[PDB]
$ cat upload.cif   # mmCIF, C-alpha atoms
data_run
loop_
_atom_site.label_atom_id
_atom_site.label_comp_id
_atom_site.auth_asym_id
_atom_site.auth_seq_id
_atom_site.Cartn_x
_atom_site.Cartn_y
_atom_site.Cartn_z
CA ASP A 1 124.65 124.23 134.61
CA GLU A 2 123.73 120.67 135.65
CA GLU A 3 120.00 121.08 134.98
CA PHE A 4 120.79 122.58 131.58
CA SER A 5 122.71 119.48 130.53
CA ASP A 6 119.61 117.29 131.03
CA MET A 7 117.65 119.92 129.09
CA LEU A 8 120.13 119.63 126.19
CA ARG A 9 119.99 115.83 126.30
CA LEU A 10 116.23 115.87 125.89
CA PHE A 11 116.55 118.55 123.18
CA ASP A 12 119.21 116.60 121.35
CA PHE A 13 117.30 113.30 121.20
CA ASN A 14 114.37 115.03 119.52
CA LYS A 15 116.73 116.95 117.23
CA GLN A 16 118.15 113.56 116.17
CA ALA A 17 114.66 112.18 115.56
CA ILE A 18 113.90 115.15 113.32
CA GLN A 19 117.21 114.66 111.47
CA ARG A 20 116.58 110.94 110.88
CA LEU A 21 112.97 111.44 109.77
CA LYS A 22 114.03 114.04 107.21
CA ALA A 23 116.77 111.71 105.94
CA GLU A 24 114.41 108.75 105.53
CA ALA A 25 111.45 110.66 104.07
CA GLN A 26 113.81 112.31 101.58
CA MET A 27 115.32 108.98 100.53
CA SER A 28 111.78 107.68 100.16
CA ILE A 29 110.66 110.66 98.06
CA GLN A 30 113.77 110.67 95.86
CA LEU A 31 113.06 107.01 95.04
CA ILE A 32 109.51 108.06 94.14
CA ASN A 33 110.72 110.89 91.92
CA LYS A 34 112.95 108.45 90.04
CA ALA A 35 110.05 106.10 89.19
CA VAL A 36 107.65 108.95 88.41
CA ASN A 37 110.28 110.57 86.17
CA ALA A 38 110.92 107.35 84.24
CA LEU A 39 107.22 106.66 83.81
CA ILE A 40 106.99 110.15 82.30
CA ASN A 41 109.95 109.37 80.02
CA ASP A 42 108.41 106.16 78.68
CA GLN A 43 104.92 107.63 78.49
CA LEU A 44 106.22 110.43 76.24
CA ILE A 45 107.88 107.77 74.03
CA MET A 46 104.60 105.95 73.55
CA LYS A 47 102.90 109.27 72.80
CA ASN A 48 105.39 109.81 69.93
CA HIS A 49 105.14 106.30 68.46
CA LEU A 50 101.61 104.93 68.90
CA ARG A 51 99.74 106.04 65.78
CA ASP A 52 96.20 105.67 67.24
CA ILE A 53 96.97 108.56 69.65
CA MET A 54 99.27 110.83 67.66
CA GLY A 55 96.18 112.87 66.87
CA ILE A 56 95.61 113.81 70.53
CA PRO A 57 97.30 117.06 71.52
CA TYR A 58 98.98 118.25 74.72
CA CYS A 59 96.96 120.61 76.90
CA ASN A 60 98.31 124.16 76.82
CA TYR A 61 98.45 126.16 80.09
CA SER A 62 94.70 125.64 80.39
CA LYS A 63 96.25 122.50 82.03
CA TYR A 64 97.03 124.26 85.34
CA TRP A 65 93.24 124.67 85.69
CA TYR A 66 92.03 121.18 84.80
CA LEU A 67 93.64 120.16 88.13
CA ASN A 68 90.65 122.02 89.63
CA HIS A 69 88.49 119.39 87.87
CA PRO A 70 89.96 117.43 79.58
CA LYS A 71 90.89 115.12 76.65
CA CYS A 72 94.50 116.17 75.95
CA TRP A 73 97.89 115.17 77.32
CA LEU A 74 98.62 116.53 80.83
CA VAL A 75 102.09 115.00 80.97
CA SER A 76 104.65 116.70 78.75
CA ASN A 77 108.39 117.29 78.79
CA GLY A 78 107.93 119.87 81.52
CA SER A 79 106.18 117.30 83.69
CA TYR A 80 109.43 116.05 85.21
CA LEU A 81 109.91 116.31 88.96
CA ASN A 82 112.91 118.17 90.32
CA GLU A 83 115.29 116.61 92.82
CA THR A 84 113.93 117.18 96.30
CA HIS A 85 116.36 118.24 99.03
CA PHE A 86 115.07 119.40 102.40
CA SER A 87 116.81 122.01 104.54
CA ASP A 88 119.60 120.31 106.47
CA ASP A 89 121.12 123.15 108.54
CA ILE A 90 119.60 121.57 111.66
CA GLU A 91 123.04 120.64 113.08
CA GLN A 92 124.13 124.22 112.32
CA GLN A 93 121.63 126.72 113.79
CA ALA A 94 121.23 124.42 116.78
CA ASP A 95 124.95 124.70 117.50
CA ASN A 96 124.62 128.47 117.07
CA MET A 97 121.55 128.74 119.30
CA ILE A 98 123.10 127.10 122.33
CA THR A 99 126.53 128.68 121.92
CA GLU A 100 124.80 132.04 122.35
CA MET A 101 123.20 130.38 125.36
CA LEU A 102 126.54 129.48 126.95
CA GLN A 103 128.28 132.89 126.48
CA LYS A 104 126.00 134.15 129.27
CA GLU A 105 125.64 130.87 131.26
CA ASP B 1 111.17 131.23 135.70
CA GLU B 2 114.62 131.88 134.19
CA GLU B 3 115.50 128.21 133.72
CA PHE B 4 112.10 127.62 132.11
CA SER B 5 112.81 130.23 129.43
CA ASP B 6 115.89 128.30 128.25
CA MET B 7 113.75 125.15 128.32
CA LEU B 8 111.18 126.85 126.04
CA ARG B 9 113.91 128.10 123.71
CA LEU B 10 115.21 124.58 123.20
CA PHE B 11 111.62 123.30 122.84
CA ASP B 12 110.76 126.00 120.34
CA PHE B 13 113.72 125.39 118.01
CA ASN B 14 112.75 121.75 117.65
CA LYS B 15 109.09 122.69 117.24
CA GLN B 16 110.19 124.94 114.35
CA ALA B 17 112.23 122.12 112.81
CA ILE B 18 109.16 119.88 112.94
CA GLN B 19 107.02 122.63 111.39
CA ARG B 20 109.48 123.25 108.53
CA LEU B 21 109.98 119.54 107.79
CA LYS B 22 106.23 119.01 107.53
CA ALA B 23 105.93 122.03 105.23
CA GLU B 24 108.69 120.85 102.90
CA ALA B 25 107.74 117.15 102.82
CA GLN B 26 104.14 118.15 102.09
CA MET B 27 105.17 120.47 99.25
CA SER B 28 107.32 117.62 97.93
CA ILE B 29 104.48 115.08 98.15
CA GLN B 30 101.87 117.40 96.64
CA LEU B 31 104.19 117.87 93.64
CA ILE B 32 104.40 114.08 93.41
CA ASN B 33 100.63 113.67 93.57
CA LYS B 34 100.26 116.13 90.70
CA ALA B 35 102.57 114.14 88.39
CA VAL B 36 101.15 110.77 89.47
CA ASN B 37 97.61 112.08 88.92
CA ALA B 38 98.39 113.37 85.42
CA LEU B 39 100.15 110.16 84.44
CA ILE B 40 96.95 108.37 85.49
CA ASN B 41 94.89 110.82 83.40
CA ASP B 42 96.93 110.25 80.25
CA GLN B 43 97.26 106.52 80.84
CA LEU B 44 93.46 106.21 80.96
CA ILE B 45 93.27 108.16 77.66
CA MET B 46 95.60 105.72 75.95
CA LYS B 47 93.58 102.82 77.38
CA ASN B 48 90.46 104.25 75.66
CA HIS B 49 92.09 104.93 72.28
CA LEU B 50 94.76 102.32 71.54
CA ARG B 51 92.92 99.51 69.74
CA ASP B 52 95.51 96.76 70.44
CA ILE B 53 94.65 96.98 74.18
CA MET B 54 90.95 97.82 74.21
CA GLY B 55 90.37 94.12 74.73
CA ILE B 56 92.15 94.10 78.11
CA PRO B 57 89.80 94.70 81.04
CA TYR B 58 90.20 96.52 84.35
CA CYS B 59 90.72 94.35 87.41
CA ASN B 60 87.67 94.30 89.68
CA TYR B 61 88.20 94.45 93.48
CA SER B 62 90.30 91.31 93.18
CA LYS B 63 92.78 94.20 92.52
CA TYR B 64 93.23 95.03 96.24
CA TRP B 65 94.73 91.52 96.55
CA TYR B 66 97.09 91.46 93.58
CA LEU B 67 99.12 94.03 95.59
CA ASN B 68 99.98 90.99 97.75
CA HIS B 69 101.63 89.57 94.60
CA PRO B 70 97.41 89.73 87.07
CA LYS B 71 96.86 90.72 83.39
CA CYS B 72 94.22 93.47 83.72
CA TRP B 73 94.31 97.22 84.33
CA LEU B 74 95.17 98.18 87.94
CA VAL B 75 94.87 101.91 87.28
CA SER B 76 91.31 103.13 86.78
CA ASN B 77 89.37 106.32 87.41
CA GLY B 78 89.42 105.61 91.12
CA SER B 79 93.21 105.42 91.06
CA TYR B 80 93.62 109.16 91.62
CA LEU B 81 95.48 110.34 94.70
CA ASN B 82 93.78 112.72 97.09
CA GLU B 83 95.35 116.00 98.16
CA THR B 84 97.60 115.34 101.12
CA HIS B 85 97.49 117.79 104.04
CA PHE B 86 99.24 116.97 107.30
CA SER B 87 98.01 118.11 110.70
CA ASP B 88 99.17 121.68 111.27
CA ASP B 89 97.82 122.52 114.75
CA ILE B 90 101.40 122.40 116.06
CA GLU B 91 101.46 126.18 116.75
CA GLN B 92 98.09 125.73 118.51
CA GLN B 93 98.30 122.90 121.09
CA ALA B 94 101.83 124.03 121.91
CA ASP B 95 100.51 127.47 122.85
CA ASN B 96 97.81 125.74 124.90
CA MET B 97 100.24 123.36 126.61
CA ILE B 98 102.52 126.03 127.99
CA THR B 99 99.76 128.49 128.87
CA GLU B 100 98.44 125.83 131.24
CA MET B 101 102.04 125.64 132.41
CA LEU B 102 102.22 129.36 133.25
CA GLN B 103 98.87 129.63 135.16
CA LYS B 104 100.62 127.74 137.98
CA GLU B 105 104.21 129.02 137.40
CA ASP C 1 112.64 116.77 140.23
CA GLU C 2 109.85 119.32 139.69
CA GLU C 3 111.72 121.31 137.03
CA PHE C 4 112.57 118.07 135.23
CA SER C 5 108.89 117.19 134.86
CA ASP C 6 108.23 120.41 132.90
CA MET C 7 111.32 119.59 130.83
CA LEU C 8 109.86 116.14 130.01
CA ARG C 9 106.48 117.65 129.16
CA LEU C 10 108.05 119.96 126.61
CA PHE C 11 110.20 117.07 125.32
CA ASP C 12 107.22 114.78 125.06
CA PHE C 13 105.01 117.15 123.05
CA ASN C 14 107.70 117.48 120.40
CA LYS C 15 108.33 113.73 120.48
CA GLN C 16 104.61 113.28 119.74
CA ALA C 17 104.77 115.78 116.89
CA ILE C 18 107.66 113.82 115.38
CA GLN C 19 105.73 110.55 115.82
CA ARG C 20 102.58 111.92 114.15
CA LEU C 21 104.48 113.51 111.25
CA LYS C 22 106.25 110.24 110.50
CA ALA C 23 102.93 108.38 110.64
CA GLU C 24 101.20 110.78 108.24
CA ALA C 25 104.08 111.21 105.78
CA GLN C 26 104.46 107.42 105.65
CA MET C 27 100.75 106.90 104.99
CA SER C 28 101.02 109.55 102.29
CA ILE C 29 104.07 107.93 100.68
CA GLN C 30 102.66 104.40 100.85
CA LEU C 31 99.59 105.66 98.96
CA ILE C 32 101.96 107.14 96.39
CA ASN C 33 103.91 103.89 96.04
CA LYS C 34 100.66 102.04 95.37
CA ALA C 35 99.68 104.32 92.46
CA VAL C 36 103.22 104.47 91.07
CA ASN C 37 103.48 100.66 91.29
CA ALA C 38 100.18 100.13 89.45
CA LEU C 39 101.06 102.65 86.76
CA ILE C 40 104.25 100.61 86.24
CA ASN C 41 102.18 97.40 86.08
CA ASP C 42 99.83 98.74 83.41
CA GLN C 43 102.61 100.50 81.51
CA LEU C 44 104.47 97.19 81.18
CA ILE C 45 101.24 95.58 79.87
CA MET C 46 100.93 98.17 77.14
CA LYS C 47 104.61 97.68 76.29
CA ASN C 48 103.90 93.95 75.69
CA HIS C 49 100.74 94.44 73.61
CA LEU C 50 100.98 97.62 71.54
CA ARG C 51 102.59 96.53 68.27
CA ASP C 52 103.82 100.01 67.20
CA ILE C 53 106.26 100.00 70.17
CA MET C 54 107.24 96.35 70.51
CA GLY C 55 110.33 97.25 68.53
CA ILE C 56 111.63 99.64 71.22
CA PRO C 57 113.94 97.95 73.72
CA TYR C 58 114.50 98.42 77.46
CA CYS C 59 117.60 100.35 78.46
CA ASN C 60 120.26 98.11 80.00
CA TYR C 61 122.20 99.39 83.05
CA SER C 62 123.31 102.34 80.94
CA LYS C 63 119.90 103.43 82.41
CA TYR C 64 121.37 104.38 85.83
CA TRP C 65 123.34 107.05 83.92
CA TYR C 66 120.62 108.55 81.73
CA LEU C 67 119.21 109.93 85.02
CA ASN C 68 122.23 112.28 84.80
CA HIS C 69 120.64 113.56 81.57
CA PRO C 70 117.78 107.98 75.63
CA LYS C 71 115.13 106.30 73.40
CA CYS C 72 114.55 103.01 75.25
CA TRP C 73 112.30 101.90 78.11
CA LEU C 74 113.44 103.15 81.55
CA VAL C 75 110.61 101.40 83.40
CA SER C 76 110.96 97.63 83.59
CA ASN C 77 109.95 94.89 85.99
CA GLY C 78 112.63 96.02 88.40
CA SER C 79 111.15 99.52 88.45
CA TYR C 80 108.75 98.69 91.27
CA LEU C 81 109.00 100.66 94.50
CA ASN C 82 109.51 98.81 97.76
CA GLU C 83 107.25 99.32 100.76
CA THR C 84 108.53 102.26 102.75
CA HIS C 85 108.64 101.95 106.54
CA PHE C 86 110.41 104.57 108.63
CA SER C 87 112.18 103.81 111.91
CA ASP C 88 109.58 103.73 114.68
CA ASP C 89 111.64 103.00 117.82
CA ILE C 90 111.03 106.58 118.95
CA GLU C 91 108.82 105.46 121.89
CA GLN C 92 111.58 102.95 122.76
CA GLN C 93 114.97 104.72 122.96
CA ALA C 94 113.22 107.72 124.51
CA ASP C 95 111.97 105.52 127.35
CA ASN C 96 115.51 104.13 127.67
CA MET C 97 117.15 107.57 127.62
CA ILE C 98 115.19 109.01 130.50
CA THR C 99 115.17 105.83 132.59
CA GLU C 100 118.97 106.11 132.65
CA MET C 101 118.30 109.71 133.63
CA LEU C 102 116.18 108.74 136.65
CA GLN C 103 118.52 106.04 138.10
CA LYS C 104 120.78 108.94 139.17
CA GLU C 105 118.06 111.61 139.74
#

$ encode --input "upload.cif" --output "structure tokens"
Amino acid sequence: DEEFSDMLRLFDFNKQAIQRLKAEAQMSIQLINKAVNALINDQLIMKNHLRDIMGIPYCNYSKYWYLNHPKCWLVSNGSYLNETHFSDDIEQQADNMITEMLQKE
Amino acid sequence: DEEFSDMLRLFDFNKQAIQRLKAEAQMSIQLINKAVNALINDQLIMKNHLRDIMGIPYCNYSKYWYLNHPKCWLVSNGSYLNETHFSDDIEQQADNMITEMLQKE
Amino acid sequence: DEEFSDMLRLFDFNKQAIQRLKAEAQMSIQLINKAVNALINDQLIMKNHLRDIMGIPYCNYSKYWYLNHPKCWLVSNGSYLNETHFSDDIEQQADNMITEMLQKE
């Protein structure tokens, strides 16, 4: 049981690295989603006020196949990005995994 | 060979965490790239139609050194973001690594 | 000390996966921040030149609680995204951790 504790200590360091990287990348992405969402907000305001471009329409579903490529608005009110949350049960199934490992020992 | 199986089980859990985090972060980024690309699209349409701002030019290469800081367009047709795909050979070199580990045993 | 070297080799492969994923995700995000920042730049230029929309004001702090939801500019000069750098001391505390592991052995 002494060699398995060193095993766990290696395992746990990496598990912590994974946990921290998720936490930081998520923070970083959520900050991105906030700016991209607010750009969208303001860009839809200008599209409703600027008279030169009120004549231009929004693309309709044919939009999900101009990404495989188009003079129409791609950004609409559905263009908003949803909050991004990664799976966080790392500290859970890991506790489970090794508890099943100790009930044989 | 019984202590090495517990080693592998710890190793494999973390490997799976890494694989899932990559998969989710990538999904999350690719969704970002789609909104940022379509903003760019529409913003370049407004730049070609709004008459008040047709007089403003696009910055020319001196643009890659206003990021170290500028009344000209930074976003042009080269501003699009490329599809982001992370390395995925995790399930490959890991199989290789431990197969070389078992042919001595 | 022969079973601990296989332990370390498993540990080190995953540590490398973590290091590479951080490196790639960061590259990917920093590219995003550059496009989102330059969109912001240009969008603030159009907000200062287009006469149809000079009458529209910027939201004032009541902005950090329209994200819980608003006809005012959400994107201002504070909207820029800061350079994102993830913790990179992985190759450091890992060397520390196992050096303390070898001074007992």

$ residues_around --input "upload.cif" --residues "residue 14 in chain C" --least-positions-apart "5" --cutoff "9 Å" --atoms "only C-alpha atoms" --output "MDAnalysis selection string"
(chainID A and resid 14) or (chainID B and resid 11 14:15 18 94) or (chainID C and resid 9 19)

$ calpha_fit_and_write --input "upload.cif" --fixed "chain C" --moving "chain B" --output "PDB file with C-alpha atoms, keeping the file's coordinate frame"
ATOM      1  CA  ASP B   1     112.632 116.761 140.232  1.00  0.00           C
ATOM      2  CA  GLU B   2     109.849 119.322 139.678  1.00  0.00           C
ATOM      3  CA  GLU B   3     111.720 121.313 137.032  1.00  0.00           C
ATOM      4  CA  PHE B   4     112.578 118.072 135.226  1.00  0.00           C
ATOM      5  CA  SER B   5     108.892 117.188 134.863  1.00  0.00           C
ATOM      6  CA  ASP B   6     108.230 120.400 132.901  1.00  0.00           C
ATOM      7  CA  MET B   7     111.323 119.588 130.831  1.00  0.00           C
ATOM      8  CA  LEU B   8     109.864 116.139 130.012  1.00  0.00           C
ATOM      9  CA  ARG B   9     106.480 117.649 129.167  1.00  0.00           C
ATOM     10  CA  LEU B  10     108.049 119.959 126.610  1.00  0.00           C
ATOM     11  CA  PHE B  11     110.205 117.073 125.317  1.00  0.00           C
ATOM     12  CA  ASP B  12     107.218 114.772 125.060  1.00  0.00           C
ATOM     13  CA  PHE B  13     105.015 117.149 123.046  1.00  0.00           C
ATOM     14  CA  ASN B  14     107.700 117.475 120.400  1.00  0.00           C
ATOM     15  CA  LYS B  15     108.332 113.728 120.475  1.00  0.00           C
ATOM     16  CA  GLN B  16     104.606 113.278 119.743  1.00  0.00           C
ATOM     17  CA  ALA B  17     104.772 115.780 116.880  1.00  0.00           C
ATOM     18  CA  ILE B  18     107.663 113.815 115.382  1.00  0.00           C
ATOM     19  CA  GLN B  19     105.741 110.550 115.817  1.00  0.00           C
ATOM     20  CA  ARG B  20     102.585 111.918 114.149  1.00  0.00           C
ATOM     21  CA  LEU B  21     104.480 113.517 111.248  1.00  0.00           C
ATOM     22  CA  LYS B  22     106.248 110.242 110.500  1.00  0.00           C
ATOM     23  CA  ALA B  23     102.928 108.383 110.632  1.00  0.00           C
ATOM     24  CA  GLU B  24     101.198 110.779 108.244  1.00  0.00           C
ATOM     25  CA  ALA B  25     104.084 111.208 105.777  1.00  0.00           C
ATOM     26  CA  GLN B  26     104.459 107.422 105.647  1.00  0.00           C
ATOM     27  CA  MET B  27     100.744 106.895 104.994  1.00  0.00           C
ATOM     28  CA  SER B  28     101.016 109.557 102.288  1.00  0.00           C
ATOM     29  CA  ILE B  29     104.071 107.927 100.682  1.00  0.00           C
ATOM     30  CA  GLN B  30     102.663 104.397 100.847  1.00  0.00           C
ATOM     31  CA  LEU B  31      99.585 105.659  98.968  1.00  0.00           C
ATOM     32  CA  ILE B  32     101.960 107.139  96.393  1.00  0.00           C
ATOM     33  CA  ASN B  33     103.905 103.898  96.042  1.00  0.00           C
ATOM     34  CA  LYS B  34     100.657 102.044  95.376  1.00  0.00           C
ATOM     35  CA  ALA B  35      99.682 104.323  92.463  1.00  0.00           C
ATOM     36  CA  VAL B  36     103.230 104.471  91.072  1.00  0.00           C
ATOM     37  CA  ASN B  37     103.475 100.670  91.281  1.00  0.00           C
ATOM     38  CA  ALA B  38     100.176 100.132  89.452  1.00  0.00           C
ATOM     39  CA  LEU B  39     101.060 102.644  86.755  1.00  0.00           C
ATOM     40  CA  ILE B  40     104.246 100.609  86.245  1.00  0.00           C
ATOM     41  CA  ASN B  41     102.174  97.401  86.078  1.00  0.00           C
ATOM     42  CA  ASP B  42      99.836  98.743  83.406  1.00  0.00           C
ATOM     43  CA  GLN B  43     102.610 100.496  81.507  1.00  0.00           C
ATOM     44  CA  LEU B  44     104.474  97.183  81.188  1.00  0.00           C
ATOM     45  CA  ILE B  45     101.245  95.576  79.877  1.00  0.00           C
ATOM     46  CA  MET B  46     100.929  98.168  77.140  1.00  0.00           C
ATOM     47  CA  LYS B  47     104.612  97.684  76.283  1.00  0.00           C
ATOM     48  CA  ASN B  48     103.902  93.958  75.692  1.00  0.00           C
ATOM     49  CA  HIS B  49     100.739  94.434  73.615  1.00  0.00           C
ATOM     50  CA  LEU B  50     100.977  97.614  71.536  1.00  0.00           C
ATOM     51  CA  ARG B  51     102.595  96.531  68.260  1.00  0.00           C
ATOM     52  CA  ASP B  52     103.823 100.013  67.197  1.00  0.00           C
ATOM     53  CA  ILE B  53     106.262  99.999  70.167  1.00  0.00           C
ATOM     54  CA  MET B  54     107.243  96.350  70.515  1.00  0.00           C
ATOM     55  CA  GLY B  55     110.333  97.250  68.530  1.00  0.00           C
ATOM     56  CA  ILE B  56     111.624  99.636  71.220  1.00  0.00           C
ATOM     57  CA  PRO B  57     113.939  97.952  73.724  1.00  0.00           C
ATOM     58  CA  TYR B  58     114.501  98.418  77.452  1.00  0.00           C
ATOM     59  CA  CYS B  59     117.600 100.348  78.457  1.00  0.00           C
ATOM     60  CA  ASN B  60     120.258  98.110  80.000  1.00  0.00           C
ATOM     61  CA  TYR B  61     122.204  99.396  83.051  1.00  0.00           C
ATOM     62  CA  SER B  62     123.306 102.345  80.942  1.00  0.00           C
ATOM     63  CA  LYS B  63     119.898 103.425  82.411  1.00  0.00           C
ATOM     64  CA  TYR B  64     121.362 104.379  85.828  1.00  0.00           C
ATOM     65  CA  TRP B  65     123.331 107.052  83.920  1.00  0.00           C
ATOM     66  CA  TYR B  66     120.618 108.545  81.728  1.00  0.00           C
ATOM     67  CA  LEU B  67     119.211 109.932  85.024  1.00  0.00           C
ATOM     68  CA  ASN B  68     122.228 112.276  84.803  1.00  0.00           C
ATOM     69  CA  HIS B  69     120.635 113.565  81.568  1.00  0.00           C
ATOM     70  CA  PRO B  70     117.784 107.979  75.635  1.00  0.00           C
ATOM     71  CA  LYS B  71     115.137 106.299  73.401  1.00  0.00           C
ATOM     72  CA  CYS B  72     114.545 103.004  75.255  1.00  0.00           C
ATOM     73  CA  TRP B  73     112.300 101.896  78.114  1.00  0.00           C
ATOM     74  CA  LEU B  74     113.439 103.152  81.551  1.00  0.00           C
ATOM     75  CA  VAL B  75     110.611 101.411  83.398  1.00  0.00           C
ATOM     76  CA  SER B  76     110.956  97.635  83.588  1.00  0.00           C
ATOM     77  CA  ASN B  77     109.951  94.888  85.992  1.00  0.00           C
ATOM     78  CA  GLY B  78     112.632  96.022  88.399  1.00  0.00           C
ATOM     79  CA  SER B  79     111.151  99.516  88.446  1.00  0.00           C
ATOM     80  CA  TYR B  80     108.749  98.691  91.278  1.00  0.00           C
ATOM     81  CA  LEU B  81     109.005 100.657  94.504  1.00  0.00           C
ATOM     82  CA  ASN B  82     109.507  98.811  97.761  1.00  0.00           C
ATOM     83  CA  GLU B  83     107.243  99.317 100.759  1.00  0.00           C
ATOM     84  CA  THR B  84     108.527 102.261 102.745  1.00  0.00           C
ATOM     85  CA  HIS B  85     108.636 101.953 106.544  1.00  0.00           C
ATOM     86  CA  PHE B  86     110.417 104.568 108.631  1.00  0.00           C
ATOM     87  CA  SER B  87     112.177 103.815 111.904  1.00  0.00           C
ATOM     88  CA  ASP B  88     109.586 103.734 114.678  1.00  0.00           C
ATOM     89  CA  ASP B  89     111.649 102.997 117.814  1.00  0.00           C
ATOM     90  CA  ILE B  90     111.025 106.584 118.948  1.00  0.00           C
ATOM     91  CA  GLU B  91     108.819 105.457 121.886  1.00  0.00           C
ATOM     92  CA  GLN B  92     111.580 102.955 122.765  1.00  0.00           C
ATOM     93  CA  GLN B  93     114.974 104.729 122.963  1.00  0.00           C
ATOM     94  CA  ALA B  94     113.221 107.718 124.512  1.00  0.00           C
ATOM     95  CA  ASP B  95     111.971 105.515 127.349  1.00  0.00           C
ATOM     96  CA  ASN B  96     115.505 104.139 127.674  1.00  0.00           C
ATOM     97  CA  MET B  97     117.148 107.573 127.614  1.00  0.00           C
ATOM     98  CA  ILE B  98     115.192 109.009 130.503  1.00  0.00           C
ATOM     99  CA  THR B  99     115.178 105.832 132.589  1.00  0.00           C
ATOM    100  CA  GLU B 100     118.967 106.110 132.647  1.00  0.00           C
ATOM    101  CA  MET B 101     118.298 109.709 133.630  1.00  0.00           C
ATOM    102  CA  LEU B 102     116.173 108.746 136.652  1.00  0.00           C
ATOM    103  CA  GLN B 103     118.522 106.041 138.105  1.00  0.00           C
ATOM    104  CA  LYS B 104     120.774 108.934 139.173  1.00  0.00           C
ATOM    105  CA  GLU B 105     118.057 111.609 139.743  1.00  0.00           C
TER     106      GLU B 105
END

$ interface_residues --input "upload.cif" --of "chain B" --to "chain C" --cutoff "7 Å" --atoms "all atoms listed in the file" --output "list in words"
residues 7, 11, 15, 18, 22, 36, 52, 53, 73, 74, 75, 79, 84 and 86 of chain B

$ axis_aligned_box --input "upload.cif" --around "range 40-59 of chain B" --padding-each-side "8 Å" --output "AutoDock Vina command-line options"
--center_x 93.5 --center_y 102.5 --center_z 78.6 --size_x 23.5 --size_y 32.7 --size_z 33.7

$ atom_distance --input "upload.cif" --atom1 "CA of residue 87 in chain C" --atom2 "CA of residue 30 in chain A"
17.5 Å

$ closest_residue --input "upload.cif" --among "B:5, B:26, B:60, B:96" --to "residue 83 in chain B" --atoms "all atoms listed in the file"
B:26

$ build_atoms --input "upload.cif" --residues "range 47-59 of chain C" --atoms "N, CA and C atoms" --output "PDB file, in the coordinates of the input"
ATOM      1  N   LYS C  47     103.346  97.891  76.971  1.00  0.00           N
ATOM      2  CA  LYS C  47     104.610  97.680  76.290  1.00  0.00           C
ATOM      3  C   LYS C  47     104.711  96.276  75.695  1.00  0.00           C
ATOM      4  N   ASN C  48     103.923  95.319  76.201  1.00  0.00           N
ATOM      5  CA  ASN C  48     103.900  93.950  75.690  1.00  0.00           C
ATOM      6  C   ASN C  48     102.775  93.685  74.698  1.00  0.00           C
ATOM      7  N   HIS C  49     101.883  94.634  74.486  1.00  0.00           N
ATOM      8  CA  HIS C  49     100.740  94.440  73.610  1.00  0.00           C
ATOM      9  C   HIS C  49     100.703  95.375  72.425  1.00  0.00           C
ATOM     10  N   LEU C  50     101.009  96.652  72.626  1.00  0.00           N
ATOM     11  CA  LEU C  50     100.980  97.620  71.540  1.00  0.00           C
ATOM     12  C   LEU C  50     102.052  97.254  70.511  1.00  0.00           C
ATOM     13  N   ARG C  51     101.635  96.993  69.267  1.00  0.00           N
ATOM     14  CA  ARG C  51     102.590  96.530  68.270  1.00  0.00           C
ATOM     15  C   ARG C  51     103.494  97.656  67.751  1.00  0.00           C
ATOM     16  N   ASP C  52     102.991  98.898  67.676  1.00  0.00           N
ATOM     17  CA  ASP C  52     103.820 100.010  67.200  1.00  0.00           C
ATOM     18  C   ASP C  52     105.132 100.138  67.977  1.00  0.00           C
ATOM     19  N   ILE C  53     105.146  99.751  69.259  1.00  0.00           N
ATOM     20  CA  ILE C  53     106.260 100.000  70.170  1.00  0.00           C
ATOM     21  C   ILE C  53     106.851  98.709  70.714  1.00  0.00           C
ATOM     22  N   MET C  54     106.550  97.565  70.096  1.00  0.00           N
ATOM     23  CA  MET C  54     107.240  96.350  70.510  1.00  0.00           C
ATOM     24  C   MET C  54     108.677  96.362  70.025  1.00  0.00           C
ATOM     25  N   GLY C  55     108.987  97.207  69.043  1.00  0.00           N
ATOM     26  CA  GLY C  55     110.330  97.250  68.530  1.00  0.00           C
ATOM     27  C   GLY C  55     111.304  97.978  69.406  1.00  0.00           C
ATOM     28  N   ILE C  56     110.802  98.804  70.320  1.00  0.00           N
ATOM     29  CA  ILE C  56     111.630  99.640  71.220  1.00  0.00           C
ATOM     30  C   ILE C  56     112.144  98.788  72.378  1.00  0.00           C
ATOM     31  N   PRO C  57     113.410  98.845  72.696  1.00  0.00           N
ATOM     32  CA  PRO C  57     113.940  97.950  73.720  1.00  0.00           C
ATOM     33  C   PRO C  57     113.994  98.657  75.075  1.00  0.00           C
ATOM     34  N   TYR C  58     114.283  97.890  76.119  1.00  0.00           N
ATOM     35  CA  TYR C  58     114.500  98.420  77.460  1.00  0.00           C
ATOM     36  C   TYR C  58     115.964  98.809  77.610  1.00  0.00           C
ATOM     37  N   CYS C  59     116.219  99.968  78.212  1.00  0.00           N
ATOM     38  CA  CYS C  59     117.600 100.350  78.460  1.00  0.00           C
ATOM     39  C   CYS C  59     118.242  99.339  79.396  1.00  0.00           C
TER      40      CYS C  59
END
